[PDB]
Amino acid sequence: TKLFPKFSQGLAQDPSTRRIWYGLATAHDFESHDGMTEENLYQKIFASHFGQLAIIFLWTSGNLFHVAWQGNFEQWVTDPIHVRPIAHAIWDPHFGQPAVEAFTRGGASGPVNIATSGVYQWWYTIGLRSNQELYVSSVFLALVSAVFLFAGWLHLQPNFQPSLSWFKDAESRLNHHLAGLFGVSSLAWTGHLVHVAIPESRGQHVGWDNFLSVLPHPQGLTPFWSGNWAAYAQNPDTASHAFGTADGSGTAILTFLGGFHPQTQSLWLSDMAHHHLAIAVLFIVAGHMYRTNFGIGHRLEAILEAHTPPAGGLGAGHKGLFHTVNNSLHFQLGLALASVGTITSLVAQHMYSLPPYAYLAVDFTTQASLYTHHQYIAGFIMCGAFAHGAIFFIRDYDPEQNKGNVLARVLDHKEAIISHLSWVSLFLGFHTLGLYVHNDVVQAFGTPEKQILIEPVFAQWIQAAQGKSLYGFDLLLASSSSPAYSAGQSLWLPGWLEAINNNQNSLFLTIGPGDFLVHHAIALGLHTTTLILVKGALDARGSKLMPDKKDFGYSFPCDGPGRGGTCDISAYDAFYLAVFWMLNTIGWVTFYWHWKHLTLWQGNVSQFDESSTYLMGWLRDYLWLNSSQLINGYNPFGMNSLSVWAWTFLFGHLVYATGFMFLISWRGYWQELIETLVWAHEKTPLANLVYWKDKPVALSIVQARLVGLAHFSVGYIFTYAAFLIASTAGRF
Amino acid sequence: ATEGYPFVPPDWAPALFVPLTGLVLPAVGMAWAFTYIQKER
Amino acid sequence: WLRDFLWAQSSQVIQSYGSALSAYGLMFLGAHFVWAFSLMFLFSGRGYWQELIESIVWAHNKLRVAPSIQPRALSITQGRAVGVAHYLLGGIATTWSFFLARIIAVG
Amino acid sequence: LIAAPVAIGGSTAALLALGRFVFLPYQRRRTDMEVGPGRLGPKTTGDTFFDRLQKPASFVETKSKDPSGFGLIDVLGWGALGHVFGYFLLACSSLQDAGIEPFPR
Amino acid sequence: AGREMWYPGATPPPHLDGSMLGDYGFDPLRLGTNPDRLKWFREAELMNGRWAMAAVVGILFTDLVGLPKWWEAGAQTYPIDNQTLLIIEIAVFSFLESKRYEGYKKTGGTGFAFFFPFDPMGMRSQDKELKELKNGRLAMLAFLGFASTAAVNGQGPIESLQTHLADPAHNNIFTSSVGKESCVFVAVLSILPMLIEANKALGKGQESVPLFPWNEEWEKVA
Amino acid sequence: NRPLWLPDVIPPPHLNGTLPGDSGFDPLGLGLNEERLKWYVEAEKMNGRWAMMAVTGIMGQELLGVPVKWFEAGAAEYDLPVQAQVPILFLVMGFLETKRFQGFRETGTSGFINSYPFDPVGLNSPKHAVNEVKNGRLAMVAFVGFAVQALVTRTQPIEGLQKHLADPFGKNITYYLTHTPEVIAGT
Ligand code: CLA
Ligand code: CLA
Ligand code: CLA
Ligand SMILES: CC1=C(/C=C/C(C)=C/C=C/C(C)=C/C=C/C=C(C)/C=C/C=C(C)/C=C/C2=C(C)CCCC2(C)C)C(C)(C)CCC1
Ligand SMILES: CC1=C(/C=C/C(C)=C/C=C\C(C)=C/C=C/C=C(C)\C=C\C=C(C)\C=C\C2=C(C)CCCC2(C)C)C(C)(C)CCC1
Ligand SMILES: CC1=C(C/C=C(\C)CCC[C@H](C)CCC[C@H](C)CCCC(C)C)C(=O)c2ccccc2C1=O
């Protein structure tokens, strides 16, 4: 009997090496821990959330500290278009003399690493200019990380541990978080913007010593108490304005010009100032909605039980759903992860087209890395959302609690939903692959005019509805006689139209038949991932092959070779197979983004337009042409700065290959091999004296799927990140 | 210094700190974890 | 090895379109497809596919197009055999197309 | 531009008069079918300090001395509505007299 | 751990019951939790403190008589080469420390050479040990201060004392280059007893032992 | 039975009236826990006492004609630099507060050092306690007023008082909230 799995007494009784792996894997599965109630579980989750907050704040404090220490933030401030950002210095004793000489980029002395995280543009936009301010930010963020540490320890002692009902208070939690965590937080952010970033972009240094002596607007809060709010939007920054000086600038703190800055190719500071102010006001207003100790407010259970449509449209409607969401933590986790992943996808799709940071659009590799990072994060988070929804369905779903409601009715015709998802996925894949293979074999025969080029009329029609006059559709917001163009004609239309009719920026790029085909491939990937995740969630508790899946836990290997074979029958394996489809889908979207933007930056958009139709052109002009500088990182002739990216490329290849090692072969042959190794160690001289305390045992089937998926994913991420940053940094 | 009071680390700090967390801290981690796992009640 | 063998060569396979060796590029990409399609049969199991087949059987049962022979997922040994066969076919045809296009367009 | 004192005062007087003489009978009917005698009722049940926070306040049920049920919290809410509407009207006037037309032409 | 404590109102560590002298409850990280470890750490503390006492009194003597600076004294000219001086130093210490360790094994006392305990005068009393421990720890801190004022000030203890007496408002540590570092450090040290008190107040009945790699106090945690 | 809070009936469940300066002011219910109640009593007395000494220092400094203002007192040439207080400023008050906490663990009242009644002159009456609490609350309101004078009016407290006496209609909240903020910055 060991004591490493203190949460699981049964795991401590395991005499094999499986105990270590299972204790590490079931580290934060508090619902399966031995002798644990609901209230202690909620308190443990509260402390864990405090721990993740402290970790996040410590990590960003370290980012500030390393940028202020070894970066070139002052040199970047003086020249953003020329000087490259620096993340951290490189001190590797295994480096050679050419290796040190090949990493002193950005006008530095020692070996440094070029920063593509975007923090330089972000901190230059929000008024941070010197490394002193970054140092102060780092020490303050470390201080608040320590504060969150102490608070997480604070809510674990007696007379301070919150009760179970305190966590289940839904209306007051939503009221407080929507009012303060969103509303007054955005109000503080737009106050910081107006006080610091707006004058710092106009050559007026605002710091802690003089922000009480300087004034943000020359009228000085008289518009705010009075009604004359248009005095703030009176003298905005002109087109010939520099983000560092006050050359041709104006005195405006809140304005809605729209579009982009003509110099920095980014959204106006007053635009985001009024944006965050309006968001703050709307969220504070919306935060006064749910019912609290006072007599006014809204009750969530009342709204859920009241919204039951007549004539049995949704059966019982949302009746009995408040207790289902409140009692099940996995339901709330799945909803939160779904919204977080969807909004991370939204952030990725809105950052590149509407850059909010000065000189971010000029930094091509930084934008590519940011988009790829947040898209892969969003995909993983959506996969986790569906997995935790499946966990809700099997673990803490009570059908008699909500009988005839939307949840039970959805579970009733789950076969119809799964079958229709399978139909749309099969149809999309069939015809997308058919047209891709058709166009590719047509281009092979020397006759590229025979390929099927279906023009994306719908999205071009939408773009023309937004003011893009390239396609010639004289719809609303593109014609002067439409009411939508006239409404806002003097507010933000001359900025938005100028920004959307310029093809140099990334705002609403022109799209051809190859764009539409890869969009359909993206839809295919989304549909198939949704199909498998939905099928795993709905069949998590029951199936015709196995009606009692809810009794076997969420993550169990199989049921055996009987009944034909039940391999990968759990919803955990459904998630595990869905991660491959998620990786493929985000790979498709990032391939599309990277190739279209690379052809835009190089200037040959026609190459992408005529080459993205067929898959051979995709391969040759994306995975082969752009990989020339990547694999030349360390030639036998010599080494350059891209040697780290080529090594990371081959590293990701090797880790993906080891993922294949864990994925193809299954446990049962490895057990006999380990048994032969056990006999070898036990029956040899000079080594039988040294004996294991944990019995060597091959990796479990669920563990095998986890480690194969893990190796596959990290190898995938590393090789694609290496290729992306090497192809975007080799030329620009 | 001109407001170096948010203390700037020395220019020789990597030579001490990189091997400290690359060689010593992993060693303490392995030793502590191996004492943890092989602990009988 | 990578850069000077699989990237220094195979430049004629991708540029074989419009020429006599375009079928080698078609064979190359189809072999990529078949090699990649095999990993479905290799990573996955039978229970998930059996449940998906059950959903499809329900769909065909709703409008009475149920086959008399009950649709079943491939056996675990059958699935492994299909996966290894498609993997070998894809890899062999990939190397075949690359080798033949490189040695004909140059040698 | 509209005078801000008279605009804010008129808007908040109109909103308070509406909330007392007009929508107060319509109010508390939603609470009879929301937290009423046979409805969900109490938010929490336990008797620890973290549960008394969810319990209703002590100054919201004291039978406010107005002839109707118009309490302090209702006064604050309807005055907030009046201030919101007055600031909305003042903001529209500020956009109007600056020479900028937000309406479609 | 003695009624007088490292900060007033502190609680003694469970292993620091106060049986050994010089106890003040000062064990934040709890380095020594074994009685053999505790007595070895006491012997090592007495060794380092005795060498600190000898070094510090030599420093004051050399600064009083006018001899040049100690950290630059290693480069000064001296009779006998430093190679054979070092060799005979190890040659005599491989016997002296051997006798010290063997006497500590057989008796535990801090004797010298063949004399264990080396007390020819005979003022062997517990109060003498307590006074020796206090003066030793003070000399430990004094040598650390001497090294610091040799590093940043570049002057001896006598020159540092004269600069403190000349203008104590500005010729202190807190106005030097290591000034605000020391200010933050002493502010953290002032906050430190209150966080310990807060841990004791919230942890009314819990062990709250500091679990660390240098001690096995975490075995009772799990 | 109590003089109570606001117009009239607002019955507090956890505030019976035995507490010094008890009027039932708990519209949101933060002090239900008894240990938290006594801790918040002591902490209210602490912020009140510090508010007392803060505001009295402010008007004493202004009345005795010191040149520097109370909000600009940090950056001026004094005999001991700012780097020289914060060692012993933190040290002596950490000692004092640690002693008072290790005494409050068993006494439950305030106290300077050891002598926890802290009454060289005595006169410890409940009327004195109610006076202390209520004049302390007045001191918190006064210090908040002083801080907002320093922020908005950017002038000394008694100077602002004399401005209110000299021009009562012309130095009100409307003038100092609308007419001033473009003028006070470099007045
Ligand atoms: C003019 C008459 C009218 C109309 C048109 C509606 C219309 C509606 N009411 Mg209704 N209502 C009316 C009068 C009317 N109301 C009156 C007079 C009252 C009394 C005051 C109500 C009270 C009432 C309540 C209390 C509720 C509604 C709700 C609804 C909505 C859902 C209705 C329903 O049963 O779901 C449609 C029927 C179904 C069986 C749903 C099937 C959905 C399928 C399975 C999903 C398909 C997914 C598909 C794959 C998506 C593909 C997208 C692609 C991009 C991938 C719908 C918008 C509900 C609501 O708010 O929901 C929005 C609700 O709770 N109504
Ligand atoms: C790049 C390789 C690849 C390809 C092409 C596919 C293709 C497919 N998988 Mg996927 N899959 C893969 C790798 C791949 N997988 C990997 C590595 C994993 C991780 C284990 C998965 C995991 C996975 C799961 C978990 C699921 C799928 C599903 C699907 C189907 C999605 C439906 C669709 O898009 O329309 C069809 C797409 C096509 C590409 C059609 C291929 C058929 C063409 C037309 C050729 C047909 C034969 C041709 C006429 C020649 C005849 C002769 C020849 C047979 C000898 C489709 C058959 C889903 C499914 O089957 O449910 C609907 C599903 O649930 N796959
Ligand atoms: C903030 C969101 C969130 C939250 C609160 C949780 C919380 C939980 N989930 Mg969920 N989950 C999430 C996100 C989240 N997860 C995401 C994003 C995914 C998709 C990847 C999943 C997928 C998922 C599954 C499939 C399961 C859970 C389970 C669990 C439980 C325990 C998991 C745990 O800590 O094991 C601790 C696990 C480890 C310490 C292993 C770490 C190894 C990681 C995952 C691999 C990383 C690859 C590589 C090694 C990284 C290093 C690279 C190297 C180069 C340095 C717990 C209820 C399990 C559960 O409920 O039990 C039945 C379960 O079955 N979740
Ligand atoms: C499994 C499960 C789960 C999960 C789930 C999920 C994960 C989901 C997701 C989902 C999603 C992820 C969704 C999404 C959605 C979206 C939407 C619905 C959208 C909409 C939009 C709109 C409506 C728009 C509009 C507009 C505007 C506003 C502007 C422009 C124009 C237009 C008109 C377009 C749970 C937890 C529940 C539990 C149970 C089971
Ligand atoms: C007793 C009596 C009376 C009187 C009454 C009164 C006097 C009342 C009160 C009061 C009023 C008369 C009013 C109130 C109000 C309240 C509130 C509570 C408000 C609020 C507000 C707000 C919340 C705002 C907001 C905002 C801001 C802050 C800024 C920007 C804009 C906005 C709007 C967003 C009479 C004679 C009739 C009759 C007899 C009896
Ligand atoms: C996909 C998959 C299935 C499902 C696959 C099945 C049931 C076999 C399907 C065979 C089809 C029906 C053969 C015919 C294909 C086309 C209909 C041919 C078209 C020809 C044109 C001319 C129309 C498994 O059963 C399985 C089992 C064990 C491990 C992995 C897997 C696995 O990955």
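Given Cα pairs under 8 Å that are at least 6 residues apart, what percent is the relative contact order of chain A?
11 percent
Normalised radius of gyration for the range A:343-412, please: alpha carbon Rg relative to 2.2 N^0.38 Å, two decimal places.
Values: Rg = 19.3 Å, N = 70, 2.2 N^0.38 = 11.1 Å.
Ratio of Rg to 2.2 N^0.38 Å for the range A:343-412: 1.75.
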Whole-Å distance linking the alpha carbon centroid of the range B:27-41 with that of the range F:1-59 is 53 Å
Provide the FRET efficiency to the nearest 0.05 for the D:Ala14-F:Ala43 pair, computing r from the beta carbons and using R0 = 56 Å. 0.80
According to the square roots a ≥ b ≥ c of the eigenvalues of the Cα gyration tensor, what is the shape class of the range A:210-251, taking rounded for a/c under 1.5, prolate for a/b larger than b/c otherwise, and oblate for the remainder? oblate
Cross-link reach from A:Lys544 to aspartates and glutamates, straight Cα distance under 13 Å and at least 8 residues apart if same chain, gives A:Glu415, C:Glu51, C:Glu54
Checking the cross-link filter: which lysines have an alpha carbon closer than 23 Å to that of A:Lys550, excluding same-chain neighbours under 8 positions apart? A:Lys403, A:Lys414, A:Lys535
What does the convex hull of the alpha-carbon atoms of chain F project to on average, in nm²? 15.7 nm²
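Using a ≥ b ≥ c from the Cα gyration tensor of the range E:21-107 (square roots of the eigenvalues), is it rounded, prolate or oblate, where a/c under 1.5 gives rounded and otherwise the larger of a/b and b/c decides, a/b for prolate?
oblate
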Obtain the nm distance between the two label points defined at B:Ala27 and A:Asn327 by a simple spin-label model: each point lies 7 Å from its Cα along the Cα-to-C-beta direction. 5.5 nm
Between the range E:39-117 and the range A:420-461, the alpha-carbon center distance in angstrom: 87 Å
How much FRET efficiency would the formula 1/(1 + (r/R0)^6) give for F:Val148 and E:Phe118, where r is the Cβ-Cβ distance and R0 is 51 Å, rounded to 0.05? 0.10
dims of the protein assembly as shown, Cα set, principal axes, largest to smallest, nearest Å -> 106, 99, 68
So which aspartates and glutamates pass the test for F:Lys171, namely a Cα distance under 15 Å, with those fewer than 8 places away in the same chain ruled out? F:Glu159
Using a 10 angstrom cutoff on alpha carbons, build the Gaussian network for chain F and name the most mobile of F:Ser110, F:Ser125, F:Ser23. F:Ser125
Ranked from highest to lowest mean number of other Cβ atoms within 10 Å per residue, what is the order of the peptides A:347-355, A:644-652, E:99-107? A:644-652, A:347-355, E:99-107
Which ordering of F:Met140, D:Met33 is given by a fewest-first count of other beta-carbon atoms within 10 Å? D:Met33, F:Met140
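Shielding of A:36-49 by partners, i.e. mean partner chain Cβ atoms within 10 Å per residue? Don't skip to the answer; put the middle values down first.
Working: counts 0, 0, 0, 0, 0, 0, 0, 0, 0, 0, 0, 0, 0, 0.
That average works out to 0.
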Of the options A:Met272, A:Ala102, A:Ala571, report the single residue whose Cα projects farthest towards the positive end of the charge dipole of chain A (beta-carbon charges: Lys, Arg +1; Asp, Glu -1). A:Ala571
Could you sort the peptides A:371-378, C:92-99, C:19-26 by per-residue average Cβ neighbour count (10 Å cutoff), highest mean leading? A:371-378, C:19-26, C:92-99
Using alpha carbons only, how many angstrom separate the centre of the range C:71-93 from the centre of the range A:308-345? 41 Å
Candidates E:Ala139, E:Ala201, E:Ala113, ranked by Gaussian network fluctuation over chain E, Cα under 10 Å, top entry: E:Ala201
Ignore the peptide's own chain and count Cβ atoms of other chains within 10 Å of each Cβ in D:98-105; give me the average, rounded. 5
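Count charges around D:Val35 for me, please; just the other residues with Cβ under 9 Å from its Cβ, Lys/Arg as +1, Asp/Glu as -1.
On the way: positive: A:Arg291, A:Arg299, D:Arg39, D:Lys43; negative: D:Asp32, D:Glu34.
Local charge sum for D:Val35: +2.
Quick check on the range A:425-561: take the gyration tensor over C-alpha atoms, sort the square-rooted eigenvalues as a ≥ b ≥ c, and tell me if it's rounded (a/c under 1.5), prolate or oblate. Spell out each step's value before the answer.
Details: a/c = 3.93, a/b = 1.74, b/c = 2.26.
Since a/c reaches 1.5 but b/c is at least a/b, the shape of the range A:425-561 is classed as oblate.
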Could you give the dipole magnitude of chain A about its Cα centre, charging the beta-carbon of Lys and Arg +1 and that of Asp and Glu -1, in debye to the nearest 20? 920 debye
Students often get this wrong, so check it: of F:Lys69/F:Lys127; A:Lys549/D:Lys55; A:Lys6/A:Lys549; A:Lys168/E:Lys200; B:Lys39/E:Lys204, which have C-alpha atoms separated by over 32 Å? F:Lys69/F:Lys127; A:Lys549/D:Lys55
Modelled label-to-label distance, C:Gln78 and E:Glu72, 7 Å Cα→beta-carbon offset: nm? 9.3 nm
For the range D:10-69, whose charge dipole is built from +1 on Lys and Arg Cβ atoms and -1 on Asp and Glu Cβ atoms, the candidate among D:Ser64, D:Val22, D:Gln54 with its Cα farthest towards the positive end is D:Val22
Obtain the nm distance between the two label points defined at A:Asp694 and D:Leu40 by a simple spin-label model: each point lies 7 Å from its Cα along the Cα-to-C-beta direction. 4.7 nm
Which residue fluctuates the most in chain F, going by a Gaussian network model with Cα springs under 10 Å, if the choices are F:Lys38, F:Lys99, F:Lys134? F:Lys99
How high is the FRET efficiency from A:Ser109 to A:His438, r the C-beta distance, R0 60 Å, rounded to 0.05? 0.60
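Given contacts defined as C-alpha pairs under 8 Å and at least six residues apart, what's the relative contact order of chain F, whole-number percent?
Working: 106 pairs, mean separation 44.2, N = 187.
Rounded, it is 24 percent for chain F.
Within the set of other residues whose C-beta is less than 12 Å from the C-beta of A:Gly404, count the net charge using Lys and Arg as +1 and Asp and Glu as -1. Before the final figure, lay out the partial values.
On the way: positive: A:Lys319, A:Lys403, A:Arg409; negative: A:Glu400, A:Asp412.
Here the count lands on +1.
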Counting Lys +1, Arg +1, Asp -1, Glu -1, what net charge surrounds E:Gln155 among other residues with beta carbon under 11 Å of its beta carbon? -1
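Which order, highest average first, do A:127-136, F:26-35, F:162-171 follow once you tally other Cβ atoms within 10 Å for each residue and take the mean per peptide? Walk me through the numbers on the way to the answer.
Values: A:127-136: 20.3, F:26-35: 15.5, F:162-171: 11.7.
Averaged packing, sorted descending, gives the order A:127-136, F:26-35, F:162-171.
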Mean per-residue count of partner chain Cβ within 10 Å for E:167-174 equals 4
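Only the coordinates and a few stated rules stand behind these numbers; no lab work does. Cβ coordinates were reconstructed from backbone atoms using ideal geometry, including for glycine residues, and neighbour counts include every protein chain displayed.
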